[PDB]
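J.: I have a structure I would like to understand better, so I am pasting it below and will then ask my questions one at a time.
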Amino acid sequence: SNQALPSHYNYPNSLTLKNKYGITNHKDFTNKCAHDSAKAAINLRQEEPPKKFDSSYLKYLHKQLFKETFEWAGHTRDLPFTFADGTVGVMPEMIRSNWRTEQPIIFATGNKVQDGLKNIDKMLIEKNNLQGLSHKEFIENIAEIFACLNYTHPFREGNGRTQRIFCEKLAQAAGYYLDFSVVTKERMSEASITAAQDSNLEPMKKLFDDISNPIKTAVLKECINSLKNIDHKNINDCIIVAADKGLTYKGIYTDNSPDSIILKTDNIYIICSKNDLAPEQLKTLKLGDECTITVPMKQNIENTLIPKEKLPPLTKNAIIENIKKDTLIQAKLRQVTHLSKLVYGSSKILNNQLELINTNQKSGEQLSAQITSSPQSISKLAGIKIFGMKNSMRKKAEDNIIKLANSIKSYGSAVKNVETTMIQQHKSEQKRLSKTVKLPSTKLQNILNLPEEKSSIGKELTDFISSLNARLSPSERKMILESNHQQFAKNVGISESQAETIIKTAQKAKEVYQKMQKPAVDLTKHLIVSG
């Protein structure tokens with residue numbers, strides 16, 4: 001039946017679009033089409049941008065992409081197009097269903113396509129191809145243009161890639177560089193769906209901000225490449241965005257990128273640079289927990305090679321756990337539990353009481369006394385006393401009560417001493433961490449960077465190395481020597497790129513300090529130990 005139908009855009013009873021190649025299998029046709037499309041896109045990106053951006057340039061892009069593929073390459077879907085085969089194709093109505101909601105998503109219909117294009121051109125005329133405009137104006141306008149192009153769906157197929165190239169060249173003209181590879185399939189689809197359904201352009205605006213701002217682009221690209229899965233899901237099937245400075249994000253720490261952390265909020269993942277968090281937070285953060293992170297306007301605001309850590313003061317329950325870890329307390333505890341088993345019949349009987357001493361309640365000789373005078377108060381003493389009988393267990397327990405009390409007193413004294421020493425060590429670590437290392441001066445940095453190489457600057461270098469030795473722990477300095485960037489970043493609480501920067505500058509400082517010095521005036525060695 002001679003007529004104009006959408007079905008004529010495909011081969012009969014087939015998803016394969018009519019093409020010049022002649023291939024009918026959909027798999028082979030898709031593979032060939034994408035293979036040629038990649039080359040066409042590369043060559044198009046080589047070309048210089050046009051003076052004006054309009055519908056005609058988009059048609060040129062589409063034609064150059066699909067010239068070898070589609071007899072209708074370069075022709076809008078709304079315009080009825082005759083095939084050389086004699087058929088006539090039209091696409092007045094286009095719909096797609098978000099699978100999440102199974103709700104209709106309607107593209108432009110009929111001549112509305114043209115209107116959109118016309119409308120677009122008007123904005124691309126008055127707004128001077130989005131040149132000379134602020135960052136925010138450019139983001140808003142390009143988001144509107146891309147969303148209107150997506151809604152228009154001017155070409156039966158291929159409008160996604162042509163839109164990508166058109167926007168890339170337009171931004172290039174505006175001075176920005178766009179990267180869509182850092183855009184997950186889920187994120188792009190969700191932004192497009194919001195725009196098409198609720199006319200929410202804010203997700204699209206954020207997306208274009210992220211792919212136009214190089215720092216956010218680097219953050220997202222780093223996370224995408226390093227991590228191949230998020231929340232047990234493929235990286236593509238996740239909506240991931242970068243954190244914007246000065247805001248707050250309350251989410252769930254789910255994945256640890258080498259230089260970033262990821263927070264989940266309602267299935268949307270936020271990438272927070274480790275370098276935008278204080279070391280105390282990162283040490284405190286534990287994977288799986290709920291967290292609240294605020295993004296600073298500027299890290300290294302006090303430019304420092306190694307940042308400070310404000311060590312939180314010790315918790316009471318943390319004190320209890322630490323003293324439980326201590327091995328002297330463990331030895332005293334095992335002796336006490338042995339005596340408790342002998343006297344009462346089960347160690348656990350006295351455990352509650354032990355816990356009291358841990359919390360500085362009923363502590364010291366309060367329990368010991370209670371053991372000697374009123375052992376029955378805690379529990380029945382080991383053994384039985386029938387008709388006033390004294391079993392062997394009864395005699396043994398009555399003999400061991402005093403040793404139990406003495407062990408308890410020793411345990412309390414040990415707990416007190418251990419707590420005091422623990423507090424002192426924690427304060428010493430706090431003093432070490434409150435130290436800071438200043439960024440090497442520009443001249444010192446230039447010296448350190450130069451490979452060939454060969455006293456005021458020397459004095460600055462010695463001060464820098466002294467700050468290093470003070471701030472760093474011996475273990476961390478060993479990590480410096482062995483170039484253990486991963487564990488160094490773990491210990492000091494920094495991004496691994498920052499950790500590598502620190503390690504390299506420190507190694508250069510050490511070598512330069514060595515080479516500057518040649519003190520052979522005398523070398524005191526082999527001190528006299530015996531006569």
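If you're wondering about the labels, chains in the structure tokens are A, B, ... by order shown, residues count from 1 in each chain, ligands from 1 in order shown.
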Please report, as a list in words, each residue of segment 293-342 of chain A to which DSSP assigns strand (DSSP E) when run on this structure's backbone.

T.: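 The strand (DSSP E) residues within segment 293-342 of chain A come out as residues 293, 294, 304, 305 and 306 of chain A.
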
J.: Write down as a ChimeraX atom specification the residues of segment 35-193 of chain A whose backbone DSSP state falls under helix (DSSP H, G or I).

T.: /A:35-46,55-66,112-126,128-130,135-152,159-174,185-193

J.: Nearest to residue 184 of chain A: which of A:240, A:331, A:117, A:73 is it, counting only C-alpha atoms?

T.: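 Smallest distance to residue 184 of chain A is found for A:240.
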
J.: Residues near residue 95 of chain A, anyone? I mean within 10 Å using only C-alpha atoms, not counting same-chain ones fewer than 6 positions away, as number ranges by chain.

T.: A: 103-109

J.: Compile a residue-level contact table for segment 243-280 of chain A against segment 480-488 of chain A at a cut-off of 12 Å, reporting for every qualifying residue the shortest atom pair and its distance in Å to one decimal, with only C-alpha atoms counted, rows ordered by chain and ascending number, as CSV.

T.:
residue,atom,partner,partner_atom,distance
A:257,CA,A:486,CA,11.6
A:258,CA,A:486,CA,8.3
A:259,CA,A:486,CA,10.3
